[PDB]
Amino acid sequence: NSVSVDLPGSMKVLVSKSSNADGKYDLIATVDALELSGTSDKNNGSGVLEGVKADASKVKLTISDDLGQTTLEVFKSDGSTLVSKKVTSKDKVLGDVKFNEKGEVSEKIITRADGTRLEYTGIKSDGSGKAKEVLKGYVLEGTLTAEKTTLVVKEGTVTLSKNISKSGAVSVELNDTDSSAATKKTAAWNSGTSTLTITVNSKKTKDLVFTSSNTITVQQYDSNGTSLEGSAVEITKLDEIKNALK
């Protein structure tokens, strides 16, 4: 009969127990009440399945050879133009992409393995658009260009900018329009530790760490401005980032 195989993207495929005269395996999947079917030259669940939506949209599910990746695509009725593409990679990261009527990317939502998200919307032909980072407890808003995502938090005369390069590298900067050397914040970015050190009046005041866990922590310096004190506190809401910039 058939063997149920577990797939990335919360899907399952049934694969025939044995091959056919061409040596090929039959594949069957149900994706949100839509029946897909296909044939594969592998025996493990990998290969291509196809179906048709009630509105005649073509649907294709492609399972990579090692079962690490799935790609669920919807096309126009002639199968020529993409409508949407959902890719779950072997690190369980999800890419959810919408296309315009010309088959060009117009929206991309990336869901990280921890559930945080990058939301790119209104994407134009130059790769520019609106950007949103959805974190645990708060959201960061900004813009996308082909060079970088820039997310901005403003508090008083201070503007904090989180940059994510097109290659995924994070840098952070801080700009203050405050004129008084007594109150004005400046900041230095340490790329090796993903840490922004803020200074007021030639004394370090706090370290903002932008962690690999997609959180932000804040830790104060002692009143001298030289050593850290206490321990870093994880930001849980947008108000607490704002407080760090006061």
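We call the rigid core the largest set of C-alpha positions that still match within 1.5 Å between the two forms. All residue numbers refer to positions in the sequence shown, first residue = 1.
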Check your understanding: Of the stretches 47-55 and 183-191, which sits farther from where it is here in 5 other deposited structures of this protein, on average over its Cα atoms, after fitting the core?
Key -> 183-191
Check your understanding: Fitting on the core, do the C-alphas of 67-75 or of 82-90 deviate more in 5 other deposited structures of this protein?
Key -> 67-75
Revision key, fill the gap. Quick note on 176-184 and 197-205: per-entry mean CA temperature factor is higher in 176-184
Practice item. Can you let me know which of the two, 153-161 or 98-106, has the higher average C-alpha B-factor in the entry? Key: 98-106
Review point. Looking at the C-alpha B-factor of residue 54, is it in the lowest, middle or highest third of its chain?
Key: highest
Exercise for review: Sorting the chain's modelled residues by C-alpha B-factor, tell me whether residue 142 ends up in the lowest, middle or highest third.
Suggested key: lowest
Check your understanding: Split the chain's modelled residues into thirds by Cα B-factor; is residue 80 in the lowest, middle or highest one?
Key -> highest
Point to revise | Chain third (lowest, middle, highest) by recorded CA B-factor, residue given as residue 89 | key: middle
Check your understanding: Within this chain, which third does the Cα B-factor at residue 44 fall in: lowest, middle or highest?
Key -> middle
